[PDB]
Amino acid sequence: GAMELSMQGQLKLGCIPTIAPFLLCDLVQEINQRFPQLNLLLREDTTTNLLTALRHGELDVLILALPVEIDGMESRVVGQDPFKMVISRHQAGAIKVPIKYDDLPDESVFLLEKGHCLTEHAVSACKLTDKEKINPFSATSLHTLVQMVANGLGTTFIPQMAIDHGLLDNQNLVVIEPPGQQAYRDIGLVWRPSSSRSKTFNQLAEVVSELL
């Protein structure tokens, strides 16, 4: 017979569509080795929906792009994710580098629908002020946004973690620096102040910071 006897057990973690496919792959491989009793149940959803789920106790912690509205929550910024622009190789001649937005055709910049925080972060961080350059057809996923660029329709802003995880592979794209010397987004963890699991969240924050 036998005698019966913080990074242990189950965690429900939410993450946005422009981070989850990329960073969470690395996070899972790291915690598999370093914290092998931690089981991560994962939710992918856009920022507003994740915040509601967090406030309602349906998720324990979020990995978000910041800043976004997170009134009343605890957060910790864990790193920075640079922005690049991308263009198809077959349109790369028709656009000169360094990029000056004023020299692009009108309606040449494709962006995600506004429910995705990537658009607000990229437009402000990369200083796109001329709305006439934005194409009126809004993209609805990062993959189909890139595919439209790969089809030659224009340009867009892409996070570095997507490039590092192969999003552009076999799509014959060229990666360009955007305007601005603050062309990145912050990445952070967000949780409830009343949570008893702060020690767990801060250990996870350290792991995530090492992946950025």
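Counting begins at 1, following the sequence as shown.
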Per the record, the count of deposited residues between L5 and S6 that have no coordinates is 4 to 9
Entry B factor averaged over C-alpha atoms, 31-39 against 63-71: higher for 31-39
Quick note on 40-48 and 180-188: per-entry mean CA temperature factor is higher in 180-188
Reading the B-factor column for Cα atoms of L104, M85, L112, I134, the highest value belongs to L104
Reading the B-factor column for Cα atoms of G14, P21, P193, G9, the highest value belongs to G9
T140: CA temperature factor from the record, placed by chain third, in the lowest
Chain thirds by Cα B factor, record data; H121 belongs to the middle
Split the chain's modelled residues into thirds by Cα B-factor; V78 lands in the middle
